[PDB]
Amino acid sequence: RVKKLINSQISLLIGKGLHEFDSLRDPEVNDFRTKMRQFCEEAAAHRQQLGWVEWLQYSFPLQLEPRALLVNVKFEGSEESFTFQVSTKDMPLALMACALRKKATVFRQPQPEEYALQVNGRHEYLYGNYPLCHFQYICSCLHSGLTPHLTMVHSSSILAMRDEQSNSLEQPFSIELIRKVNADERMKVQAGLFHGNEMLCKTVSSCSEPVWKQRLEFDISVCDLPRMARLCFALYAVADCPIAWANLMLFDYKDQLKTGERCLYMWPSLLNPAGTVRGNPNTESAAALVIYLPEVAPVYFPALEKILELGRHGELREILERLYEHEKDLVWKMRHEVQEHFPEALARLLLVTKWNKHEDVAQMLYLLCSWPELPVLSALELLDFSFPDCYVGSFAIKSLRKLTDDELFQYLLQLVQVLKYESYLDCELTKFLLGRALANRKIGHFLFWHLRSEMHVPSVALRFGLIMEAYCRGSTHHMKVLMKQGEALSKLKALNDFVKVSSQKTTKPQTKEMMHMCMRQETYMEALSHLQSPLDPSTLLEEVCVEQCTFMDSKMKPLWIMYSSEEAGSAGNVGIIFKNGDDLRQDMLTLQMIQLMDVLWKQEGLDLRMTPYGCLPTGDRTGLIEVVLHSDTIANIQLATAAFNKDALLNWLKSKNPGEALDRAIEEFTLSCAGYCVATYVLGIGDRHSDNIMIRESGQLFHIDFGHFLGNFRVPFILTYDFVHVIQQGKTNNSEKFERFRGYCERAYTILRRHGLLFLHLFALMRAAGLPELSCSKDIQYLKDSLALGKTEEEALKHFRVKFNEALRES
């Protein structure tokens, strides 16, 4: 009965009944389910016995940055507290020893190593040999002025949390084109063999329920088929009218060559090799193609031992590795010199390998099996659809194992999208993502939401559903925590639907008061309170502050939900925006890229005071956006009295930062303005105006609502006069302040160029997302031109300077 309860809770959580998996009677699904369940159960068993500091590393991973301070410290299970004057260079152990001395003297009774410091009212902890200023929390307090509030949590109390959370044939390749086609009856199939993007041979071609009975033969023998060969079909009508497409692997998940009848449930729309290799689930309405794979003999793909035995036998390039037909022959000829003296040029060699020649593949695989590990940057390139081979993919994952949990988190969105390129359910990328999620609860949280947010997409629902199920087997406690989040989102959807309907029939004050009555119902107060934020599991959403909740006036009536927490103090006051009706994927991608820019800038000692707030799609055109409190749009501020509208922004800054605080607010504005000008320029984010640019009371400028990127609508560099007016401290002429700002823009731009390959590799992997503004090479080209990677640093700077000077004349 406890197993029945778990199964039904997984079905509710993942948004797909587990019985739907059994009904498909698919051995590949059944084998994934059984093998991944045991793999995830072993991880849960390993975690149950972790030491209390190891459990802390799993559950509350440290949040680190890429003088003196007062710290308030209390003990768990006590209202009494003490404020200490410690240095920002002190370790958390020095703070814990200082706190324990104050408790021993106050209790009249005479071990810091048995403790960890919790950030009050947050699932965040300060531990390890790190100075206080290297923790994101202390560093954040230092900037905002605020005093850190910490709680001494004992080892026995952390161990109580761990315990509570327990559970060949030279015959040429051929097929037989042997249902519900909807096309013009006045009019009257194209097939192709692919190994990723590359064609293995020339395309071979053929008014409802059509009968062909045609022999389709390819110019390639059955022995030359690579292990990852794809047969791609396109049903169209004779300008061209496309109807449907369908792909399939020639070998199944058990390495055996497919040799029987097949019905292909087609996806509606010429050839689409990147598209999924699984049939359309809507078998009732989709067009189908009847196909027959002839019995060529069983025949399995040769095992690694047989391949290494064949590839074992065998026998100017520096200028090529920075390609023409002759240049590809000299890369292949010196393939051993490429392995021994240019291991990082592996991808270039893989691209010139004749994948339609089995002899050439075996020799490539022979070198690959002894190739040294490559840096993470090189491994991310190998994950592209251009490299579909199973051994190349396994080598890429092996090179990605050295990723830190922080780097893994930074690239997680791309690694999830790469699952859509996978040919089989059980793959080394799924195993890697699952193992890494089960060893870090933050990774497990965002992996869950990335998969859950796409369950309404038929091409990925089975795959993503199966991975979330396996994850749930590895953490019964976390499943319950994520269920509490899903229950809140379910209520926000019902509440937002009421708001949409009510706003079309009555005034704003009236709809807002009815929203509050709906929220004040017991089922709503319960579902909306006491949860971990889906935007950030370390932020606790305690009591929903109904009186402060409202909705915004745009088409979808987004909800603005406020929360508070007595235990967290002023830092427990957090807000979330719930939006339903628009897709948040591109905003999430933009914001993660800005966050990556902020990390790269900070690694070079450049802090541009950015605000990369949370954005998380959770379902079908549904998601959450983190509220940055104490901020307002440029337009709202431009609505003390300004004699000239040009002084409004500066006057607003002055009212929030009087006396000596003004100078530091102007500086925060200048730094963040340089960062956002550079980010929007490099990413090609146009349509920036007073309604989608905001300013914080600290002076920090930030952008919101990134509806367009990569020049979709070349987006020129933008210098806005009202922003230049603040940078110049309200003066007409101030080249000393203006030119410092130009230095910030140029420094930020030159740093991004040094990591240009990282942005290109991440954006190439994101082509799997199916985002309409990141759908071809022209979109990637935009980033190559904005970062000017072909030019030297001096030419790129000169060209950036021409663009910046053009923006200043336009200002």
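Note that the rigid core is defined as the largest set of C-alphas that superpose within 1.5 Å between two forms. From 1 onward, residues are counted along the sequence shown.
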message: For a rigid core alignment of each structure in 7 other deposited structures of this protein onto the shown form, which stretch has the higher root mean square Cα deviation: 337-345 or 77-85?
response: 77-85
task: Rigid core fitted first, then name the stretch among 695-703 and 136-144 whose C-alphas deviate most from the displayed form in 7 other deposited structures of this protein.
output: 136-144
query: When the other entries of this protein are compared, is residue 185 unmodelled in at least a third of them?
result: yes
task: Indicate yes or no: is residue 110 absent from the model in at least a third of the other PDB entries of this protein that were compared?
output: yes
Interresidue gap class [residue 167, residue 168; deposited sequence, unmodelled]: 10 or more
field: residue 303-residue 304 interval: deposited residues absent from the model
entry: none
query: Taking only the CA atoms, which stretch has the higher mean B-factor in the record, 49-57 or 742-750?
result: 49-57
Stretch exceeding the other in mean C-alpha B-factor - 412-420, 257-265: 257-265
task: Please pick out which of 554, 700, 657, 197 has the largest Cα B-factor as recorded in the entry.
output: 197
message: By the CA temperature factor listed in this entry, which of these ranks top: 615, 562, 648, 270?
response: 270
query: Once the chain's modelled residues are ordered by C-alpha B factor and cut into thirds, is residue 784 in the lowest, middle or highest one?
result: middle
field: residue 546 - Cα temperature factor, lowest/middle/highest third of chain
entry: lowest
message: Test of reading the entry: by CA B factor among the chain's modelled residues, which third contains residue 67?
response: highest
- line: Assert third(CA B-factor, residue 13) within chain per record equals lowest
- prompt: residue 595's Cα B-factor: lowest, middle or highest third of the chain?
  reply: lowest
